[PDB]
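final-v9.pdb, holding PDB, C-alpha atoms (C1' of nucleotides):
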```pdb
ATOM      1  CA  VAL X 181       6.565  -2.266  11.229  1.00  0.00           C
ATOM      2  CA  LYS X 182       7.479   0.134   8.526  1.00  0.00           C
ATOM      3  CA  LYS X 183       5.850  -0.722   5.238  1.00  0.00           C
ATOM      4  CA  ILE X 184       2.292  -1.674   4.567  1.00  0.00           C
ATOM      5  CA  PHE X 185       0.439  -3.884   2.131  1.00  0.00           C
ATOM      6  CA  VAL X 186      -2.708  -2.275   0.788  1.00  0.00           C
ATOM      7  CA  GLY X 187      -4.746  -4.943  -1.033  1.00  0.00           C
ATOM      8  CA  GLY X 188      -6.496  -4.724  -4.421  1.00  0.00           C
ATOM      9  CA  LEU X 189      -7.327  -1.344  -5.960  1.00  0.00           C
ATOM     10  CA  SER X 190      -7.038   0.672  -9.220  1.00  0.00           C
ATOM     11  CA  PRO X 191      -4.764  -0.623 -12.011  1.00  0.00           C
ATOM     12  CA  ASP X 192      -2.536   2.353 -11.185  1.00  0.00           C
ATOM     13  CA  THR X 193      -3.850   4.158  -8.102  1.00  0.00           C
ATOM     14  CA  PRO X 194      -2.481   7.717  -8.338  1.00  0.00           C
ATOM     15  CA  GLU X 195       0.648   7.414  -6.177  1.00  0.00           C
ATOM     16  CA  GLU X 196       0.042  11.128  -5.522  1.00  0.00           C
ATOM     17  CA  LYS X 197      -2.823  10.496  -3.092  1.00  0.00           C
ATOM     18  CA  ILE X 198      -1.123   7.476  -1.763  1.00  0.00           C
ATOM     19  CA  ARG X 199       1.622  10.014  -1.057  1.00  0.00           C
ATOM     20  CA  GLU X 200      -0.878  12.151   0.836  1.00  0.00           C
ATOM     21  CA  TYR X 201      -3.037   9.567   2.572  1.00  0.00           C
ATOM     22  CA  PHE X 202       0.239   8.169   3.851  1.00  0.00           C
ATOM     23  CA  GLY X 203       2.310  11.315   3.644  1.00  0.00           C
ATOM     24  CA  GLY X 204      -0.268  12.930   5.838  1.00  0.00           C
ATOM     25  CA  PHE X 205       0.091   9.738   7.853  1.00  0.00           C
ATOM     26  CA  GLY X 206       3.614  10.851   8.488  1.00  0.00           C
ATOM     27  CA  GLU X 207       6.878  10.424   6.668  1.00  0.00           C
ATOM     28  CA  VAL X 208       6.142   8.037   3.870  1.00  0.00           C
ATOM     29  CA  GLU X 209       9.222   6.052   2.910  1.00  0.00           C
ATOM     30  CA  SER X 210       8.078   4.972  -0.531  1.00  0.00           C
ATOM     31  CA  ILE X 211       4.965   3.904  -2.468  1.00  0.00           C
ATOM     32  CA  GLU X 212       4.211   1.203  -5.074  1.00  0.00           C
ATOM     33  CA  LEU X 213       1.198   0.183  -7.181  1.00  0.00           C
ATOM     34  CA  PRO X 214       1.278  -3.422  -8.520  1.00  0.00           C
ATOM     35  CA  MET X 215      -0.351  -4.595 -11.745  1.00  0.00           C
ATOM     36  CA  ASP X 216      -1.049  -7.990 -13.321  1.00  0.00           C
ATOM     37  CA  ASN X 217       1.821  -7.655 -15.807  1.00  0.00           C
ATOM     38  CA  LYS X 218       4.564  -9.819 -14.252  1.00  0.00           C
ATOM     39  CA  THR X 219       2.453 -12.783 -13.251  1.00  0.00           C
ATOM     40  CA  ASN X 220      -0.983 -12.074 -14.754  1.00  0.00           C
ATOM     41  CA  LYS X 221      -2.981 -12.334 -11.551  1.00  0.00           C
ATOM     42  CA  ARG X 222      -5.378 -10.160  -9.541  1.00  0.00           C
ATOM     43  CA  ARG X 223      -2.705  -8.432  -7.471  1.00  0.00           C
ATOM     44  CA  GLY X 224      -2.976  -4.858  -8.625  1.00  0.00           C
ATOM     45  CA  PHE X 225      -3.215  -3.334  -5.181  1.00  0.00           C
ATOM     46  CA  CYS X 226      -0.829  -1.036  -3.269  1.00  0.00           C
ATOM     47  CA  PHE X 227       2.120  -0.926  -0.934  1.00  0.00           C
ATOM     48  CA  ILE X 228       3.240   1.967   1.139  1.00  0.00           C
ATOM     49  CA  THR X 229       6.224   2.515   3.263  1.00  0.00           C
ATOM     50  CA  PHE X 230       7.058   4.883   6.042  1.00  0.00           C
ATOM     51  CA  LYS X 231      10.628   5.904   6.817  1.00  0.00           C
ATOM     52  CA  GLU X 232       9.287   5.523  10.308  1.00  0.00           C
ATOM     53  CA  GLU X 233       7.011   2.875  11.762  1.00  0.00           C
ATOM     54  CA  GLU X 234       4.203   4.933  13.303  1.00  0.00           C
ATOM     55  CA  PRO X 235       1.883   5.827  10.379  1.00  0.00           C
ATOM     56  CA  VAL X 236       2.413   2.204   9.643  1.00  0.00           C
ATOM     57  CA  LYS X 237       1.502   1.240  13.173  1.00  0.00           C
ATOM     58  CA  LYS X 238      -1.790   3.068  12.804  1.00  0.00           C
ATOM     59  CA  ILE X 239      -2.228   2.038   9.195  1.00  0.00           C
ATOM     60  CA  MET X 240      -2.694  -1.638  10.049  1.00  0.00           C
ATOM     61  CA  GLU X 241      -5.303  -0.290  12.430  1.00  0.00           C
ATOM     62  CA  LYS X 242      -7.027   1.233   9.427  1.00  0.00           C
ATOM     63  CA  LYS X 243      -5.857  -1.653   7.269  1.00  0.00           C
ATOM     64  CA  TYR X 244      -8.760  -0.824   4.992  1.00  0.00           C
ATOM     65  CA  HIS X 245      -7.471   2.612   3.955  1.00  0.00           C
ATOM     66  CA  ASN X 246      -9.422   4.838   1.562  1.00  0.00           C
ATOM     67  CA  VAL X 247      -6.784   6.300  -0.769  1.00  0.00           C
ATOM     68  CA  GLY X 248      -8.622   9.048  -2.632  1.00  0.00           C
ATOM     69  CA  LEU X 249     -10.575   6.661  -4.836  1.00  0.00           C
ATOM     70  CA  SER X 250      -8.911   3.345  -4.059  1.00  0.00           C
ATOM     71  CA  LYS X 251      -9.158   1.543  -0.716  1.00  0.00           C
ATOM     72  CA  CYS X 252      -7.600  -1.769   0.380  1.00  0.00           C
ATOM     73  CA  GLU X 253      -6.582  -4.174   3.137  1.00  0.00           C
ATOM     74  CA  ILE X 254      -3.398  -2.585   4.336  1.00  0.00           C
ATOM     75  CA  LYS X 255      -1.732  -5.473   6.160  1.00  0.00           C
ATOM     76  CA  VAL X 256       1.832  -4.490   7.123  1.00  0.00           C
ATOM     77  CA  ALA X 257       3.299  -5.461   3.879  1.00  0.00           C
ATOM     78  CA  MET X 258       6.499  -7.335   3.266  1.00  0.00           C
ATOM     79  CA  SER X 259       8.709  -8.353   0.339  1.00  0.00           C
TER      80      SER X 259
ATOM     81  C1'  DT K   1      -6.198  -8.411  -2.571  1.00  0.00           C
ATOM     82  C1'  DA K   2       1.191  -9.921  -1.379  1.00  0.00           C
ATOM     83  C1'  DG K   3       4.346  -5.199  -6.198  1.00  0.00           C
ATOM     84  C1'  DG K   4       8.781  -6.472  -7.918  1.00  0.00           C
TER      85       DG K   4
END
```
Kindly return the structure encoded in the file as structure tokens.
Amino acid sequence: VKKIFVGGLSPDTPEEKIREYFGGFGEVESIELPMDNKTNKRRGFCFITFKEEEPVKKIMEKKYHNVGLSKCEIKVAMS
DNA sequence: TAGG
């Protein structure tokens, strides 16, 4: 476990909080906020990564994270 | 709710 798939949210959830919510989680690896522009679907959610695997470990526990304003089903993502 |  290292990344995480946060479901639906804000068209462009401020990666800055996502950096905190998860940064505070530990060492975030990298963040990403989808958007119905490549396939035209609902997507538009979030994906966070942790250099490590612990914040992630917990994350799935809190799958439904509350990033500042946006909150979503954070199922250990995958690409 | 699965980017990209």
* To do: Neighbourhood query: residues within 12 Å of (-7.8, -10.6, -2.6), file coordinates, counting all atoms listed in the file; return as a PyMOL selection string.
  => (chain X and resi 185-189+221-226+252-255) or (chain K and resi 1-2)
* Target residues per the PyMOL selection byres ((chain X and resi 248) around 10), formatted as an MDAnalysis selection string -> chainID X and resid 193:194 196:198 200:201 245:247 249:251
* For residue 209 (chain X), work out the shell of residues within 10 Å, counting all atoms listed in the file and skipping chain neighbours fewer than 5 positions away, then give it as a PyMOL selection string. => chain X and resi 182-183+199+202-203+228-233
* Quick one: of X:234, X:212, X:241, X:217, who's nearest to chain K, counting all atoms listed in the file? ->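 Closest residue, counting all atoms listed in the file: X:212.
Nearest-residue note for chain K: choosing from X:210, X:195, X:236, X:257, the minimum distance belongs to X:257, counting all atoms listed in the file.
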Around all the atoms of chain K listed in the file, draw an axis-aligned box and extend it by 8 Å on each of the six sides; I want its centre and edge lengths in Å to one decimal, as lines of an AutoDock Vina configuration file.
```
center_x = 1.3
center_y = -7.6
center_z = -4.6
size_x = 31.0
size_y = 20.7
size_z = 22.5
```
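What separates CA of residue 239 (chain X) from CA of residue 220 (chain X) is a distance of 27.8 Å.
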* Distance of CA of residue 205 (chain X) from CA of residue 235 (chain X), expressed in Å to one decimal place ->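 Calculated distance between CA of residue 235 (chain X) and CA of residue 205 (chain X) is 5.0 Å.
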* To do: Find the residues around residue 4 (chain K) up to 10 Å (all atoms listed in the file counted), leave out those fewer than 4 positions away in its own chain, and share them as a ChimeraX atom specification.
  => /X:212,214,218,259
* Interatomic distance, CA of residue 207 (chain X) to CA of residue 258 (chain X) (Å, one decimal) ->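 These two atoms are separated by 18.1 Å.
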Would you mind putting N, CA and C atoms back on region 207-230 of chain X and writing the result as a PDB file, keeping the file's coordinate frame?
```
ATOM      1  N   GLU X 207       5.838  10.417   7.675  1.00  0.00           N
ATOM      2  CA  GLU X 207       6.878  10.424   6.668  1.00  0.00           C
ATOM      3  C   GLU X 207       6.864   9.147   5.863  1.00  0.00           C
ATOM      4  N   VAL X 208       6.177   9.183   4.737  1.00  0.00           N
ATOM      5  CA  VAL X 208       6.142   8.037   3.870  1.00  0.00           C
ATOM      6  C   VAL X 208       7.577   7.724   3.452  1.00  0.00           C
ATOM      7  N   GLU X 209       7.900   6.455   3.345  1.00  0.00           N
ATOM      8  CA  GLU X 209       9.222   6.052   2.910  1.00  0.00           C
ATOM      9  C   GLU X 209       9.207   5.929   1.398  1.00  0.00           C
ATOM     10  N   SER X 210       8.243   5.165   0.905  1.00  0.00           N
ATOM     11  CA  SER X 210       8.078   4.972  -0.531  1.00  0.00           C
ATOM     12  C   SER X 210       6.761   4.262  -0.850  1.00  0.00           C
ATOM     13  N   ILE X 211       6.228   4.509  -2.045  1.00  0.00           N
ATOM     14  CA  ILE X 211       4.965   3.904  -2.468  1.00  0.00           C
ATOM     15  C   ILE X 211       5.168   2.950  -3.650  1.00  0.00           C
ATOM     16  N   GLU X 212       4.140   2.155  -3.964  1.00  0.00           N
ATOM     17  CA  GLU X 212       4.211   1.203  -5.074  1.00  0.00           C
ATOM     18  C   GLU X 212       2.830   0.647  -5.425  1.00  0.00           C
ATOM     19  N   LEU X 213       2.486   0.687  -6.712  1.00  0.00           N
ATOM     20  CA  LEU X 213       1.198   0.183  -7.181  1.00  0.00           C
ATOM     21  C   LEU X 213       1.387  -0.973  -8.165  1.00  0.00           C
ATOM     22  N   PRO X 214       1.139  -2.208  -7.704  1.00  0.00           N
ATOM     23  CA  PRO X 214       1.278  -3.422  -8.520  1.00  0.00           C
ATOM     24  C   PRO X 214       0.594  -3.331  -9.879  1.00  0.00           C
ATOM     25  N   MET X 215       0.298  -4.498 -10.443  1.00  0.00           N
ATOM     26  CA  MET X 215      -0.351  -4.595 -11.745  1.00  0.00           C
ATOM     27  C   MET X 215      -0.093  -5.967 -12.365  1.00  0.00           C
ATOM     28  N   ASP X 216      -1.165  -6.663 -12.727  1.00  0.00           N
ATOM     29  CA  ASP X 216      -1.049  -7.990 -13.321  1.00  0.00           C
ATOM     30  C   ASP X 216      -0.304  -7.945 -14.654  1.00  0.00           C
ATOM     31  N   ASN X 217       1.006  -7.716 -14.596  1.00  0.00           N
ATOM     32  CA  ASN X 217       1.821  -7.655 -15.807  1.00  0.00           C
ATOM     33  C   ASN X 217       3.075  -8.531 -15.694  1.00  0.00           C
ATOM     34  N   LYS X 218       3.390  -8.977 -14.479  1.00  0.00           N
ATOM     35  CA  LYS X 218       4.564  -9.819 -14.252  1.00  0.00           C
ATOM     36  C   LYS X 218       4.169 -11.258 -13.995  1.00  0.00           C
ATOM     37  N   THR X 219       2.936 -11.451 -13.571  1.00  0.00           N
ATOM     38  CA  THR X 219       2.453 -12.783 -13.251  1.00  0.00           C
ATOM     39  C   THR X 219       1.051 -13.035 -13.807  1.00  0.00           C
ATOM     40  N   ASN X 220       0.356 -11.962 -14.184  1.00  0.00           N
ATOM     41  CA  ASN X 220      -0.983 -12.074 -14.754  1.00  0.00           C
ATOM     42  C   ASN X 220      -2.007 -12.545 -13.737  1.00  0.00           C
ATOM     43  N   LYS X 221      -2.023 -11.935 -12.567  1.00  0.00           N
ATOM     44  CA  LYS X 221      -2.981 -12.334 -11.551  1.00  0.00           C
ATOM     45  C   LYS X 221      -3.900 -11.170 -11.178  1.00  0.00           C
ATOM     46  N   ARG X 222      -4.479 -11.209  -9.983  1.00  0.00           N
ATOM     47  CA  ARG X 222      -5.378 -10.160  -9.541  1.00  0.00           C
ATOM     48  C   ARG X 222      -4.600  -9.017  -8.923  1.00  0.00           C
ATOM     49  N   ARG X 223      -3.551  -9.378  -8.173  1.00  0.00           N
ATOM     50  CA  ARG X 223      -2.705  -8.432  -7.471  1.00  0.00           C
ATOM     51  C   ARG X 223      -3.230  -7.016  -7.615  1.00  0.00           C
ATOM     52  N   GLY X 224      -2.559  -6.220  -8.419  1.00  0.00           N
ATOM     53  CA  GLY X 224      -2.976  -4.858  -8.625  1.00  0.00           C
ATOM     54  C   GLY X 224      -3.623  -4.260  -7.396  1.00  0.00           C
ATOM     55  N   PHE X 225      -2.784  -3.915  -6.438  1.00  0.00           N
ATOM     56  CA  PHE X 225      -3.215  -3.334  -5.181  1.00  0.00           C
ATOM     57  C   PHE X 225      -2.292  -2.150  -4.854  1.00  0.00           C
ATOM     58  N   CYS X 226      -1.735  -2.109  -3.647  1.00  0.00           N
ATOM     59  CA  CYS X 226      -0.829  -1.036  -3.269  1.00  0.00           C
ATOM     60  C   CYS X 226       0.088  -1.462  -2.140  1.00  0.00           C
ATOM     61  N   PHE X 227       1.155  -0.705  -1.989  1.00  0.00           N
ATOM     62  CA  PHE X 227       2.120  -0.926  -0.934  1.00  0.00           C
ATOM     63  C   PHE X 227       2.733   0.393  -0.556  1.00  0.00           C
ATOM     64  N   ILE X 228       2.659   0.732   0.705  1.00  0.00           N
ATOM     65  CA  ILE X 228       3.240   1.967   1.139  1.00  0.00           C
ATOM     66  C   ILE X 228       4.242   1.735   2.216  1.00  0.00           C
ATOM     67  N   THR X 229       5.179   2.635   2.290  1.00  0.00           N
ATOM     68  CA  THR X 229       6.224   2.515   3.263  1.00  0.00           C
ATOM     69  C   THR X 229       6.374   3.803   4.018  1.00  0.00           C
ATOM     70  N   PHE X 230       6.850   3.706   5.236  1.00  0.00           N
ATOM     71  CA  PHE X 230       7.058   4.883   6.042  1.00  0.00           C
ATOM     72  C   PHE X 230       8.457   4.845   6.616  1.00  0.00           C
TER      73      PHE X 230
END
```
